[PDB]
Amino acid sequence: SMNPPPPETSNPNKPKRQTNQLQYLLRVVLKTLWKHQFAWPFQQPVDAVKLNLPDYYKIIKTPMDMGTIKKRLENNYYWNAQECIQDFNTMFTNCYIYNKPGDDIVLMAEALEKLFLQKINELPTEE
Ligand code: NA
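Residue 221 in our numbering sits at position 52 of the sequence shown, and the numbers go up by one each step.
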């Protein structure tokens, strides 16, 4: 029923890059999803205490959220675009695993995921 430590957003010994694809993931993908009317449940780690989800972290062993992704992008945590894309996919998958089809939160995730897919489709070629 307690919250775990959040995913890390800083690891000085992890090697880092700033690439055109990563810049797109921040400026286009993250920013598009972040401003959406359905972003709010996904803007920070799930607070299982506040939300009264005592079993959340019993079920979800790889938590991810856009607050974490935003910090990772802004603090140049990633080596490549695939790591960040995987984080978005983890976030969506967790929501579908934990919740029931058609729940409000599932519809919200699906709307954000549709936009995510559209933007990833135009991921720029590595420069
Ligand atoms: Na489910």
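Don't be surprised by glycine CBs; every beta carbon is placed ideally from N, CA and C.
Shown here, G236 sits in a helix according to DSSP, grouped into three states.
In the three-state reduction of the DSSP assignment, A250 falls in the helix class, which pools H, G and I.
At least one heavy atom of the ligand NA lies closer than 6 Å to the C-beta of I266. Taking 7 Å as the cut-off, the Cβ atoms of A250 and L195 do not count as close. Sequence-distant Cβ neighbours of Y267 in its own chain, meaning closer than 7 Å and more than five residues away, are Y225, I228, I229.
Between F261 and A278, the CB-CB gap stays under 7 Å.
Counting along the chain, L202 sits inside the alpha helix (DSSP H) bounded by residues 200 to 203. If you draw a straight line from the Cα of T294 to the Cα of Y246, it is about 21 Å long. In the structure shown, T188 adopts coil according to DSSP, grouped into three states.
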